[PDB]
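Undergrad: Pasting structure-v1.cif here (mmCIF, C-alpha atoms):
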```
data_final
#
loop_
_atom_site.label_atom_id
_atom_site.label_comp_id
_atom_site.auth_asym_id
_atom_site.auth_seq_id
_atom_site.Cartn_x
_atom_site.Cartn_y
_atom_site.Cartn_z
CA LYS E 14 34.54 -21.24 33.06
CA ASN E 15 34.97 -17.85 34.77
CA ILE E 16 37.28 -16.34 32.17
CA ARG E 17 37.07 -13.13 30.11
CA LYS E 18 34.35 -13.61 27.47
CA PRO E 19 31.20 -11.81 26.18
CA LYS E 20 28.19 -12.23 28.48
CA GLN E 21 26.00 -13.30 25.50
CA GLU E 22 25.89 -17.13 25.05
CA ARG E 23 26.92 -18.83 21.79
CA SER E 24 23.37 -20.16 21.28
CA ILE E 25 22.06 -16.55 21.31
CA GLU E 26 24.76 -15.38 18.86
CA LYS E 27 23.81 -18.14 16.44
CA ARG E 28 20.08 -17.43 16.88
CA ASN E 29 20.71 -13.73 16.18
CA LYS E 30 22.87 -14.56 13.16
CA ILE E 31 20.07 -16.78 11.74
CA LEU E 32 17.50 -14.00 12.23
CA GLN E 33 19.66 -11.25 10.70
CA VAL E 34 20.59 -13.47 7.72
CA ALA E 35 16.95 -14.41 7.11
CA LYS E 36 15.77 -10.79 7.49
CA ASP E 37 18.33 -9.65 4.89
CA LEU E 38 17.51 -12.53 2.54
CA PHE E 39 13.76 -11.86 2.84
CA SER E 40 14.39 -8.15 2.24
CA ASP E 41 16.48 -8.68 -0.89
CA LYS E 42 14.86 -11.74 -2.52
CA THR E 43 11.37 -11.69 -0.97
CA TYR E 44 10.25 -14.26 1.56
CA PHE E 45 8.88 -16.84 -0.86
CA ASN E 46 12.12 -17.00 -2.94
CA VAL E 47 14.33 -17.77 0.09
CA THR E 48 14.99 -21.37 1.09
CA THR E 49 15.76 -22.87 4.48
CA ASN E 50 18.95 -24.29 2.95
CA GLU E 51 20.03 -20.84 1.78
CA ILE E 52 19.39 -19.32 5.26
CA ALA E 53 21.52 -22.05 6.98
CA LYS E 54 24.38 -21.68 4.46
CA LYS E 55 24.49 -17.89 4.79
CA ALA E 56 24.30 -18.09 8.61
CA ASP E 57 27.14 -20.67 8.61
CA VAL E 58 25.11 -23.26 10.50
CA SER E 59 23.97 -26.73 9.44
CA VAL E 60 20.41 -27.21 8.23
CA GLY E 61 19.89 -29.45 11.34
CA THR E 62 21.01 -26.62 13.61
CA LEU E 63 18.69 -24.12 11.91
CA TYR E 64 15.79 -26.50 12.56
CA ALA E 65 16.78 -26.82 16.22
CA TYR E 66 16.16 -23.04 16.56
CA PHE E 67 13.27 -22.66 14.11
CA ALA E 68 10.88 -25.44 13.13
CA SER E 69 10.01 -23.68 9.85
CA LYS E 70 10.63 -20.56 7.79
CA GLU E 71 7.40 -19.05 9.17
CA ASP E 72 8.75 -19.37 12.76
CA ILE E 73 11.72 -17.27 11.70
CA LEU E 74 9.23 -14.75 10.30
CA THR E 75 7.24 -14.77 13.58
CA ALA E 76 10.38 -13.76 15.43
CA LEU E 77 11.31 -10.97 12.94
CA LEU E 78 7.76 -9.53 13.04
CA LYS E 79 7.88 -9.36 16.86
CA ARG E 80 11.17 -7.43 16.64
CA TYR E 81 9.69 -5.03 14.07
CA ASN E 82 6.76 -4.38 16.39
CA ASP E 83 9.18 -3.28 19.12
CA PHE E 84 11.22 -1.22 16.66
CA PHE E 85 8.01 0.50 15.56
CA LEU E 86 6.81 1.25 19.08
CA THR E 87 10.20 2.45 20.33
CA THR E 88 11.64 4.41 17.32
CA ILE E 89 8.60 5.70 15.39
CA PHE E 90 5.43 5.58 17.52
CA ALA E 91 6.74 6.77 20.90
CA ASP E 92 7.36 10.35 19.62
CA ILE E 93 4.16 10.48 17.50
CA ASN E 94 2.02 9.23 20.41
CA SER E 95 2.85 12.13 22.74
CA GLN E 96 1.10 15.10 24.31
CA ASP E 97 3.62 16.93 22.10
CA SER E 98 1.51 15.87 19.12
CA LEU E 99 -1.77 16.92 20.80
CA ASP E 100 -0.29 20.31 21.84
CA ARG E 101 1.12 20.88 18.39
CA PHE E 102 -2.22 20.08 16.78
CA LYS E 103 -4.10 22.42 19.14
CA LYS E 104 -1.73 25.33 18.33
CA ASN E 105 -1.81 24.80 14.56
CA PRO E 106 -2.94 21.68 12.64
CA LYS E 107 -0.38 22.52 9.92
CA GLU E 108 2.65 22.24 12.24
CA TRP E 109 1.28 18.89 13.49
CA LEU E 110 1.26 17.67 9.84
CA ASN E 111 4.79 18.90 9.13
CA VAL E 112 6.26 17.15 12.18
CA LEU E 113 4.25 13.92 11.77
CA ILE E 114 5.16 13.53 8.09
CA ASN E 115 8.84 14.04 8.89
CA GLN E 116 8.59 11.45 11.67
CA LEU E 117 7.02 8.95 9.24
CA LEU E 118 9.56 9.85 6.54
CA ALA E 119 12.35 9.32 9.09
CA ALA E 120 11.13 5.75 9.85
CA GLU E 121 14.04 3.37 9.26
CA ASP E 122 14.13 -0.19 7.91
CA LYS E 123 11.85 0.67 4.99
CA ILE E 124 13.25 -2.30 3.05
CA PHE E 125 12.03 -4.93 5.51
CA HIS E 126 8.80 -2.96 6.10
CA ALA E 127 8.03 -3.34 2.37
CA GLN E 128 8.37 -7.08 2.79
CA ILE E 129 5.89 -7.04 5.67
CA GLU E 130 3.46 -5.15 3.37
CA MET E 131 3.87 -7.88 0.74
CA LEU E 132 3.40 -10.58 3.35
CA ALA E 133 0.14 -8.97 4.55
CA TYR E 134 -1.45 -10.39 1.39
CA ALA E 135 -0.46 -13.98 2.38
CA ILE E 136 0.46 -14.28 6.10
CA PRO E 137 -2.13 -13.46 8.85
CA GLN E 138 0.56 -12.32 11.36
CA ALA E 139 1.91 -9.77 8.87
CA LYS E 140 -1.58 -8.42 8.10
CA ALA E 141 -2.42 -8.17 11.81
CA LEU E 142 0.83 -6.38 12.68
CA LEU E 143 0.43 -3.62 10.10
CA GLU E 144 -3.30 -3.20 10.90
CA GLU E 145 -2.40 -2.70 14.58
CA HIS E 146 0.25 -0.10 13.77
CA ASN E 147 -2.16 1.65 11.36
CA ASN E 148 -4.91 1.55 13.98
CA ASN E 149 -2.59 3.09 16.61
CA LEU E 150 -1.69 5.95 14.25
CA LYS E 151 -5.35 6.55 13.37
CA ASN E 152 -6.19 6.57 17.08
CA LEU E 153 -3.47 9.09 17.82
CA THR E 154 -4.89 11.23 14.95
CA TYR E 155 -8.38 10.89 16.48
CA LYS E 156 -7.02 12.03 19.88
CA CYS E 157 -5.47 15.15 18.31
CA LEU E 158 -8.80 16.02 16.64
CA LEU E 159 -10.61 15.60 19.97
CA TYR E 160 -7.97 17.66 21.75
CA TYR E 161 -8.49 20.64 19.41
CA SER E 162 -12.06 21.08 20.71
CA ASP E 163 -11.55 19.44 24.11
CA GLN E 164 -14.09 16.73 23.33
CA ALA E 165 -14.43 13.31 24.93
CA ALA E 166 -15.63 11.44 21.81
CA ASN E 167 -16.83 12.22 18.27
CA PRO E 168 -17.76 9.62 15.65
CA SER E 169 -17.32 12.10 12.80
CA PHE E 170 -13.76 12.77 14.04
CA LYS E 171 -13.11 9.00 14.09
CA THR E 172 -14.16 8.75 10.43
CA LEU E 173 -12.03 11.79 9.68
CA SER E 174 -9.02 10.25 11.48
CA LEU E 175 -9.31 7.23 9.14
CA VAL E 176 -9.44 9.31 5.95
CA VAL E 177 -6.77 11.78 7.09
CA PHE E 178 -4.30 9.09 8.08
CA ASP E 179 -4.97 7.12 4.90
CA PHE E 180 -4.05 10.29 2.92
CA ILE E 181 -1.02 11.01 5.12
CA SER E 182 0.22 7.44 4.65
CA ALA E 183 -0.33 7.73 0.87
CA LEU E 184 1.82 10.91 0.83
CA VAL E 185 4.56 9.28 2.85
CA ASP E 186 4.64 6.30 0.43
CA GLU E 187 4.83 8.54 -2.64
CA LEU E 188 7.86 10.17 -1.08
CA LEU E 189 9.48 6.98 0.29
CA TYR E 190 9.02 4.21 -2.27
CA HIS E 191 9.21 6.25 -5.48
CA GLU E 192 12.01 8.15 -7.25
CA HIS E 193 11.77 11.96 -7.15
CA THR E 194 14.31 14.80 -7.36
CA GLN E 195 15.00 16.78 -4.15
CA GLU E 196 12.94 19.65 -5.64
CA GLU E 197 10.03 17.45 -6.77
CA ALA E 198 9.93 15.76 -3.34
CA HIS E 199 9.81 19.22 -1.74
CA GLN E 200 6.80 20.28 -3.87
CA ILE E 201 4.90 17.02 -3.36
CA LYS E 202 5.36 17.37 0.42
CA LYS E 203 4.27 21.05 0.37
CA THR E 204 1.20 20.39 -1.82
CA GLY E 205 0.32 17.34 0.33
CA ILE E 206 0.69 19.27 3.61
CA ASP E 207 -1.17 22.38 2.44
CA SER E 208 -3.91 20.14 1.09
CA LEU E 209 -4.27 18.05 4.27
CA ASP E 210 -4.34 21.24 6.35
CA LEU E 211 -7.28 22.62 4.38
CA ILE E 212 -9.15 19.30 4.68
CA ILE E 213 -8.65 19.02 8.46
CA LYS E 214 -9.64 22.61 9.05
CA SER E 215 -12.80 22.06 7.01
CA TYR E 216 -14.17 19.63 9.64
CA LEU E 217 -12.95 21.14 12.91
CA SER J 24 -7.13 -26.00 -28.50
CA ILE J 25 -8.12 -22.40 -27.62
CA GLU J 26 -10.96 -23.24 -25.19
CA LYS J 27 -8.63 -25.35 -23.00
CA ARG J 28 -6.00 -22.61 -22.77
CA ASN J 29 -8.80 -20.34 -21.56
CA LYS J 30 -10.03 -22.91 -19.04
CA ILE J 31 -6.52 -23.30 -17.65
CA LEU J 32 -6.09 -19.52 -17.30
CA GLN J 33 -9.52 -19.39 -15.60
CA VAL J 34 -8.43 -22.18 -13.21
CA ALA J 35 -4.96 -20.74 -12.55
CA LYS J 36 -6.43 -17.29 -11.89
CA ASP J 37 -8.91 -18.73 -9.34
CA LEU J 38 -6.10 -20.75 -7.69
CA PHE J 39 -3.66 -17.82 -7.51
CA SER J 40 -6.36 -15.83 -5.74
CA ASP J 41 -7.48 -18.56 -3.30
CA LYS J 42 -4.06 -19.92 -2.31
CA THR J 43 -1.26 -17.37 -2.87
CA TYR J 44 0.62 -17.49 -6.16
CA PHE J 45 3.91 -18.66 -4.66
CA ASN J 46 2.27 -21.75 -3.18
CA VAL J 47 0.49 -22.89 -6.37
CA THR J 48 2.35 -25.35 -8.62
CA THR J 49 1.87 -26.22 -12.29
CA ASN J 50 0.92 -29.78 -11.13
CA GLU J 51 -1.88 -28.26 -9.03
CA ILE J 52 -3.14 -26.16 -11.96
CA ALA J 53 -3.14 -29.22 -14.24
CA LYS J 54 -5.07 -31.30 -11.65
CA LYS J 55 -7.69 -28.57 -11.08
CA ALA J 56 -8.15 -27.90 -14.81
CA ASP J 57 -8.53 -31.68 -15.44
CA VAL J 58 -5.59 -31.66 -17.87
CA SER J 59 -2.29 -33.60 -18.03
CA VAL J 60 1.02 -32.10 -16.82
CA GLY J 61 2.33 -32.56 -20.38
CA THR J 62 -0.65 -30.75 -21.94
CA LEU J 63 -0.32 -27.83 -19.50
CA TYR J 64 3.41 -27.56 -20.25
CA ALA J 65 2.59 -27.41 -23.97
CA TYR J 66 0.42 -24.36 -23.19
CA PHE J 67 2.78 -22.78 -20.62
CA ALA J 68 6.42 -23.74 -19.88
CA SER J 69 6.35 -22.39 -16.33
CA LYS J 70 4.02 -20.90 -13.78
CA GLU J 71 5.53 -17.48 -14.59
CA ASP J 72 4.28 -17.88 -18.18
CA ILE J 73 0.70 -18.42 -16.93
CA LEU J 74 1.04 -15.29 -14.80
CA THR J 75 2.35 -13.23 -17.75
CA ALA J 76 -0.71 -14.27 -19.79
CA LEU J 77 -3.05 -13.21 -16.96
CA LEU J 78 -1.13 -9.92 -16.56
CA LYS J 79 -1.32 -9.25 -20.32
CA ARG J 80 -5.09 -9.84 -20.18
CA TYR J 81 -5.42 -7.58 -17.17
CA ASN J 82 -3.43 -4.89 -19.04
CA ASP J 83 -5.61 -5.07 -22.15
CA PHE J 84 -8.77 -5.02 -20.03
CA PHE J 85 -7.53 -1.99 -18.05
CA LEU J 86 -6.55 -0.16 -21.20
CA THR J 87 -9.67 -0.98 -23.22
CA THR J 88 -12.41 -0.54 -20.67
CA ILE J 89 -11.64 1.37 -17.49
CA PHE J 90 -8.80 3.60 -18.82
CA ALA J 91 -10.44 4.36 -22.19
CA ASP J 92 -13.45 5.91 -20.40
CA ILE J 93 -11.33 7.83 -17.85
CA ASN J 94 -9.05 9.16 -20.63
CA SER J 95 -11.90 10.24 -22.99
CA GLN J 96 -12.67 13.84 -24.00
CA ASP J 97 -16.07 13.26 -22.33
CA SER J 98 -14.13 12.78 -19.05
CA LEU J 99 -12.27 16.09 -19.57
CA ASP J 100 -15.63 17.89 -20.11
CA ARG J 101 -17.16 16.48 -16.88
CA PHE J 102 -14.15 17.71 -14.85
CA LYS J 103 -14.47 21.20 -16.42
CA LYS J 104 -18.23 21.22 -15.69
CA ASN J 105 -17.89 20.12 -12.02
CA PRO J 106 -14.77 18.44 -10.64
CA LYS J 107 -16.94 17.00 -7.84
CA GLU J 108 -19.18 15.16 -10.30
CA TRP J 109 -16.02 13.86 -12.05
CA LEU J 110 -14.68 12.70 -8.67
CA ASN J 111 -17.94 10.88 -7.87
CA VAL J 112 -17.89 9.13 -11.27
CA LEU J 113 -14.22 8.06 -11.18
CA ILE J 114 -14.34 6.87 -7.59
CA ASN J 115 -17.50 4.82 -8.27
CA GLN J 116 -15.85 3.27 -11.37
CA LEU J 117 -12.77 2.39 -9.27
CA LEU J 118 -14.91 0.91 -6.50
CA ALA J 119 -16.75 -1.25 -9.06
CA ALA J 120 -13.54 -2.49 -10.66
CA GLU J 121 -13.76 -5.92 -12.14
CA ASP J 122 -11.38 -8.66 -10.94
CA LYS J 123 -10.55 -6.93 -7.61
CA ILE J 124 -9.62 -10.26 -5.95
CA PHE J 125 -7.00 -11.06 -8.56
CA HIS J 126 -5.85 -7.42 -8.58
CA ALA J 127 -4.87 -7.74 -4.89
CA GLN J 128 -2.69 -10.71 -5.86
CA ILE J 129 -1.05 -8.51 -8.51
CA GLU J 130 -0.40 -5.86 -5.80
CA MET J 131 1.30 -8.54 -3.69
CA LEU J 132 3.24 -9.85 -6.69
CA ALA J 133 4.52 -6.33 -7.48
CA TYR J 134 6.91 -6.65 -4.49
CA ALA J 135 8.54 -9.77 -6.01
CA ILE J 136 8.03 -9.86 -9.79
CA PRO J 137 9.33 -6.88 -11.79
CA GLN J 138 6.74 -7.24 -14.56
CA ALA J 139 3.82 -6.98 -12.11
CA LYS J 140 5.41 -3.97 -10.42
CA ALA J 141 5.99 -2.37 -13.81
CA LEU J 142 2.41 -3.01 -14.96
CA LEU J 143 0.77 -1.49 -11.91
CA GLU J 144 3.15 1.54 -12.00
CA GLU J 145 2.21 2.13 -15.65
CA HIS J 146 -1.52 2.02 -14.79
CA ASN J 147 -1.01 4.35 -11.81
CA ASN J 148 1.10 6.77 -13.93
CA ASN J 149 -1.59 6.64 -16.65
CA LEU J 150 -4.28 7.63 -14.14
CA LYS J 151 -2.06 10.40 -12.69
CA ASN J 152 -1.40 11.78 -16.20
CA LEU J 153 -5.11 11.84 -16.99
CA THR J 154 -5.72 13.68 -13.71
CA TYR J 155 -3.08 16.20 -14.85
CA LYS J 156 -4.76 16.51 -18.25
CA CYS J 157 -8.03 17.25 -16.45
CA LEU J 158 -6.49 20.08 -14.42
CA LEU J 159 -4.87 21.56 -17.59
CA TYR J 160 -8.16 21.28 -19.47
CA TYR J 161 -10.06 23.10 -16.74
CA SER J 162 -7.61 26.02 -16.93
CA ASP J 163 -6.94 25.85 -20.69
CA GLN J 164 -3.21 25.43 -20.07
CA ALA J 165 -0.62 23.39 -22.01
CA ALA J 166 1.63 22.74 -19.00
CA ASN J 167 1.68 23.51 -15.26
CA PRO J 168 4.36 22.00 -12.98
CA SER J 169 2.21 22.69 -9.90
CA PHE J 170 -0.73 20.78 -11.43
CA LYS J 171 1.63 17.89 -12.26
CA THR J 172 2.58 17.75 -8.56
CA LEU J 173 -1.09 18.13 -7.67
CA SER J 174 -2.09 15.22 -9.93
CA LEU J 175 0.28 12.89 -8.09
CA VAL J 176 -1.05 13.93 -4.66
CA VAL J 177 -4.70 13.83 -5.69
CA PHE J 178 -4.50 10.45 -7.35
CA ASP J 179 -2.58 9.04 -4.39
CA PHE J 180 -5.40 10.23 -2.13
CA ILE J 181 -8.03 8.80 -4.47
CA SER J 182 -6.28 5.41 -4.51
CA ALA J 183 -5.97 5.45 -0.69
CA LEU J 184 -9.70 6.11 -0.31
CA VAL J 185 -10.69 3.30 -2.73
CA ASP J 186 -8.40 0.85 -0.88
CA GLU J 187 -9.82 1.80 2.53
CA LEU J 188 -13.27 0.99 1.23
CA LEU J 189 -12.43 -2.18 -0.75
CA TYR J 190 -10.09 -3.98 1.69
CA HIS J 191 -11.55 -3.24 5.12
CA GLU J 192 -14.79 -4.13 6.85
CA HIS J 193 -17.02 -1.15 7.63
CA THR J 194 -20.67 -0.93 8.76
CA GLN J 195 -22.88 0.32 5.91
CA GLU J 196 -23.10 3.72 7.61
CA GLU J 197 -19.35 3.99 8.24
CA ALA J 198 -18.54 3.14 4.61
CA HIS J 199 -20.99 5.86 3.48
CA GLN J 200 -19.30 8.38 5.81
CA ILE J 201 -15.76 7.43 4.72
CA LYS J 202 -16.70 7.76 1.02
CA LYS J 203 -18.47 11.11 1.53
CA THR J 204 -15.66 12.56 3.70
CA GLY J 205 -13.11 11.41 1.12
CA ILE J 206 -14.96 12.82 -1.90
CA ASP J 207 -15.82 16.16 -0.23
CA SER J 208 -12.19 16.53 0.87
CA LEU J 209 -10.76 15.78 -2.60
CA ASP J 210 -13.17 18.22 -4.21
CA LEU J 211 -12.08 20.87 -1.69
CA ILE J 212 -8.35 20.34 -2.42
CA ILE J 213 -8.75 20.29 -6.22
CA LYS J 214 -10.82 23.50 -6.12
CA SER J 215 -8.28 25.34 -3.92
CA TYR J 216 -5.71 25.23 -6.76
CA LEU J 217 -8.19 26.02 -9.54
#
```
For this file, write the structure as C-alpha cells.
TA:
Amino acid sequence: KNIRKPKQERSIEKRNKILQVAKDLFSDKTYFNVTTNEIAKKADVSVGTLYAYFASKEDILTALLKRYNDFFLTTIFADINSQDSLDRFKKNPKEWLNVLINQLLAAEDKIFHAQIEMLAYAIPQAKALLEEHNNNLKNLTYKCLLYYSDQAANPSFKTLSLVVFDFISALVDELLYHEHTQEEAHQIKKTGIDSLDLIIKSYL
Amino acid sequence: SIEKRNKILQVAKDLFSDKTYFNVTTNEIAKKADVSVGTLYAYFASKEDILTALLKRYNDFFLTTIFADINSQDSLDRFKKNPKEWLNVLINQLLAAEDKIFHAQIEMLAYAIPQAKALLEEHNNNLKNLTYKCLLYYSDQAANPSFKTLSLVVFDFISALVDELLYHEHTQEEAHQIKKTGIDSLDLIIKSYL
C-alpha cells in the first residue's frame, strides 16, 4: 500500500484519458460524428466503464467546457484584464491594439475552440461559455475607454466597446482560421490596427 | 412528383432549423412531410442529399438576388458617389437577408461538412471581391494590393456588425446605436484610404 507510485489514482488517470480522447475526437471529427463506442475504444476502457464516469456524451462535453473556461481565464484573459491594458490604452490606443491582438492571436487550443463555436449553435452550455468570454473582453475594452478620460460610466463607450471588440475579434479570426502568406498576414494586421485606431480615436 | 419534392425540402429545412441537423433523421422528415420512408428515399438517398439540395438552392438564391444587386454597375456608381450611402444600402440588405434562420444552421454545418464550409467561403470571397472592385472603381485603378487587403478587413467588419445585430438581443435604442456606430466607423476607415 505505501510503496513508490504516482500520487494520482488510477480512476483519475482513466477519467483524464477519457476526456483527452474525447476532446481530440471532437476536435478532429466534430462532436456529432463521434460515438460513445469510439471514445471508449480509443481510451482503452470498456463502454460500461465509460458510462460509470460519464452518463452521456454531453456530460463529457460539460467537463471539457469547464476546463476550457479555466484555460481561457488563466492563459488568455488574465494578461488582457490587467491595469497594464488600461495604462497602455491611456498612453496610446494604438499600442493597446497591437498588444491585445497579439494576445488573442497567441491564444492556444484554437482547434477545440472552433468546436465550441460550432456547438454554440446547438448546445446551450457552449453558447453561454463563449458569450461570457466575449462579454468579459467587451467589459475590459469598456474599462480601457473609461480609463482614457477617467470616467465612471458612459453608455456611448459601452456601445463602442461592443463594436470595437466585434471588429477586433473579426480581425483575429481572419488571421487565425484562414490561409494567408506571412506578408499578407502582416498587411491585414497593419490595416486592421491602423483602422481600429482611427475609429477609437474618433469617439474619445 | 415535383410538388412533393418541394414539400419535403420545405419540411426538412424547417426541421433542420428547429432541431439541429445532426439530430434529424430521414424517418423524421418522412413522418413530418406525411410521406413514406420509401418515397422519401426515392427523392433523396440520404439526409446529406437533402442538405445538398437546400445548399444548392441557397447558392442560386444568393447568386441571383442578393449578390447580383451588390455586384451590379449601379452598386459601383453608388460607392463612387458616396461610400457611406453604399454602406447604408449594403448593410440594410444584409440585415434583411431572407432565410436567416436556416443560414445560421449552414454556419454551424460549415464546421463539419466541407461543402457547407466551401459554399459560405465562396459567398464571403465574392462579397470581398466586390468590395475590392468598389475601391478600384472609386480610384479608377485596375489593381491595388492595399485595397485588396482593405477589402478583406472592411468586409470582415461589415459581417461582424451584421451578426452582432442579427444574433443578439438589444433594446431598440441600443440596436440603433450599434448600427450607427458601426456604419460611421466603416465609412471613416474606407475614406481614410481613399
Undergrad: I need the contact residues of chain E against chain J, so if you could list those with any atom within 6 Å, counting only C-alpha atoms, and return them as a ChimeraX atom specification, that would help.
TA: /E:131,179-180,183,201,208,212
Undergrad: Can you turn the PyMOL selection byres ((chain E and resi 77) around 12) into a concrete residue list for this file, as a CSV table (one decimal) with C-alpha atoms, keeping the file's coordinate frame?
TA:
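For reference, expr_28.csv as written:
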```
chain,number,residue,atom,x,y,z
E,28,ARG,CA,20.1,-17.4,16.9
E,29,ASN,CA,20.7,-13.7,16.2
E,31,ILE,CA,20.1,-16.8,11.7
E,32,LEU,CA,17.5,-14.0,12.2
E,33,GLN,CA,19.7,-11.2,10.7
E,34,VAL,CA,20.6,-13.5,7.7
E,35,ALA,CA,17.0,-14.4,7.1
E,36,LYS,CA,15.8,-10.8,7.5
E,37,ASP,CA,18.3,-9.6,4.9
E,39,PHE,CA,13.8,-11.9,2.8
E,40,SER,CA,14.4,-8.2,2.2
E,44,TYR,CA,10.2,-14.3,1.6
E,67,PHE,CA,13.3,-22.7,14.1
E,70,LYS,CA,10.6,-20.6,7.8
E,71,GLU,CA,7.4,-19.0,9.2
E,72,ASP,CA,8.8,-19.4,12.8
E,73,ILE,CA,11.7,-17.3,11.7
E,74,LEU,CA,9.2,-14.8,10.3
E,75,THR,CA,7.2,-14.8,13.6
E,76,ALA,CA,10.4,-13.8,15.4
E,78,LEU,CA,7.8,-9.5,13.0
E,79,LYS,CA,7.9,-9.4,16.9
E,80,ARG,CA,11.2,-7.4,16.6
E,81,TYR,CA,9.7,-5.0,14.1
E,82,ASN,CA,6.8,-4.4,16.4
E,83,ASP,CA,9.2,-3.3,19.1
E,84,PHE,CA,11.2,-1.2,16.7
E,125,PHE,CA,12.0,-4.9,5.5
E,126,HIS,CA,8.8,-3.0,6.1
E,128,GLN,CA,8.4,-7.1,2.8
E,129,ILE,CA,5.9,-7.0,5.7
E,138,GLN,CA,0.6,-12.3,11.4
E,139,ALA,CA,1.9,-9.8,8.9
E,142,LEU,CA,0.8,-6.4,12.7
```
Undergrad: For the provided coordinates, the residues matched by the PyMOL selection byres ((chain J and resi 159) around 12) should be stated as a list in words.
TA: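 Matching residues under the PyMOL selection byres ((chain J and resi 159) around 12) are residues 99, 100, 102, 103, 152, 153, 154, 155, 156, 157, 158, 160, 161, 162, 163, 164, 165, 166, 167, 168, 169, 170, 171, 173, 174, 216 and 217 of chain J.
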Undergrad: Out of J:68, J:150, J:25, J:77, which residue has the shortest atom-to-atom distance to residue J:50 when counting all atoms listed in the file?
TA: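 Looking at the shortest contact to residue J:50, the residue is J:68.
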Undergrad: Go through J:97, J:73, J:117, J:59 and flag the residue nearest residue J:34, using only C-alpha atoms for the distances.
TA: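 Of all the options, J:73 lies closest to residue J:34.
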Undergrad: Quick one, how far is atom CA of residue J:107 from atom CA of residue J:203?
TA: 11.2 Å
Undergrad: Given the file above and the PyMOL selection byres ((chain J and resi 38) around 12), which residues are selected, and can you give them as a PyMOL selection string?
TA: chain J and resi 31-37+39-56+70+73-74+124-125+128
